[PDB]
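Form deposited in one PDB entry, single chain, as structure tokens, below.
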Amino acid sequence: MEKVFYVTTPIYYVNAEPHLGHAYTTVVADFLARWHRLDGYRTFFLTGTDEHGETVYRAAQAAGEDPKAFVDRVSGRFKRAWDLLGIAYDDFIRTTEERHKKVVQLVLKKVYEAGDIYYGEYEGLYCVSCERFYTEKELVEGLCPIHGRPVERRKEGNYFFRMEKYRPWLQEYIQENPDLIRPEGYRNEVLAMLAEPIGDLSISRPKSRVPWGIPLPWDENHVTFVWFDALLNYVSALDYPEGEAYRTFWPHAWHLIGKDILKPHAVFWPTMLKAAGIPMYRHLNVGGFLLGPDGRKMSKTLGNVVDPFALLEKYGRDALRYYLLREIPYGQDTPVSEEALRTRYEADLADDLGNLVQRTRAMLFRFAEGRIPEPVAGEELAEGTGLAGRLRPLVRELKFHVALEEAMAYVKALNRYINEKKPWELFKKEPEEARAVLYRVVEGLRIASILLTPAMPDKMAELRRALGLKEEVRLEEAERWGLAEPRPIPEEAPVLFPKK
């Protein structure tokens, strides 16, 4: 009950084709959630889709579909992606949901009534012929993209949130809570962002331009624009006001994001929470870019894209997940490639794990009648029971790669052990000792398989089935020696990680 874990991924643009970036962030959240459930934490893992706005509406019109029907359909790509990646989220929040819309308006009203929202007029570029505003980006050589004529500077009104007002509080809060933003380098970048005025935040757009969105409670002619809509998913899914989920999980909120949305999460979101009278989140965990094989930012035209679904299809979900968690120090820009995945797949998995299980099964049939032998003390291998205590802080400090490295180091120790003891040689004069060695290798594997479960839950369950071990496990089970019972192993079993 005291052990509570709450983790969120950003909600993604609903019509985006899911790619490596979405996959990575969601996979890391999944690992964290599965790890905490395994360690007895009452946990809630949230993910979702950002469904309102001008862009999606443009998309729906182009598709000749009703906005609601369009997002109902395209939000399915993310749900399928998560199915493919084996993501066990507890809830999938869609901003079109009434439960979300109610919270957005409720918080808008609170912040408005607290005196933090005003109607301001900030000149913009306007084309009289189109009778519409245009951002600098949409102009063609500073001219209307339609009429090829100049545009005039007109003032447009929008509602703004007094964000600058909360800058001093945010600076102080970060100073007093140094582990709030992690990795540390991102904390420093945020403090640098806060070194100067941050201005106020545009939070709405007239409905005449953006009809697809949540109207402002005090002005139906304006719709909530991005920030107060999307960001609130983190509390709306918890039935925020007085829902039990909110009272229970919000005090432990961990948000995982890509560094691409650092400012909205480290600057905007905190001031919004402060103004709304909502407690600050516990941690903002910032991931880096997954660069292409060439060390450059991933992009279709550079031709350096790595497709997680194609990789997943070829090597399987578990191998991909393991690769992403092991190879990348969370927060640090890192190049990825099929070649690096393949390397990890053939050595760490097929060899250190697969071959060892294959060898162990063959040896159990030859020297132990096809059953796990009678339990015996672990001796040098008993140390494996202390690994969970070492990985707990590594995992919670976002050092997934180090945690996986230590779990795999033990697996390598199991290999070295069996290769040094040579049960097959010991069997002649000392059959009992040969059986003792094999027991230590199977019990060691049971332990390692538990530690690795959050990364490869399916393959680790498969590994346990291959050795006749109980499939369903708990992290604490990896902390005691001698749990593998002397039972029959399946007479046949597939190679855990077949050649590709």
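Just count from 1 along the sequence shown to find any residue number.
Here the subject shifts to the form deposited in another entry, a form of this protein not shown in this document.
Student: Can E485 and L311 be said to ride on the same rigid part between the shown form and the other one?
Tutor: Looking at the motion between the shown form and the other one, one finds that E485 and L311 are grouped in the same rigid part.
Student: Is the CA-CA spacing of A230 and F133 tighter or wider in that other deposited form than here, given a 3 Å or more change?
Tutor: The answer is closer, because the C-alphas of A230 and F133 approach each other in that other deposited form by 3 Å or more.
Student: Work out whether the Cα atoms of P211 and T135 come closer together or move farther apart in that other deposited form than they are in this form, the change being 3 angstroms or more.
Tutor: Distance between the C-alphas of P211 and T135: longer in that other deposited form, by 3 Å or more.
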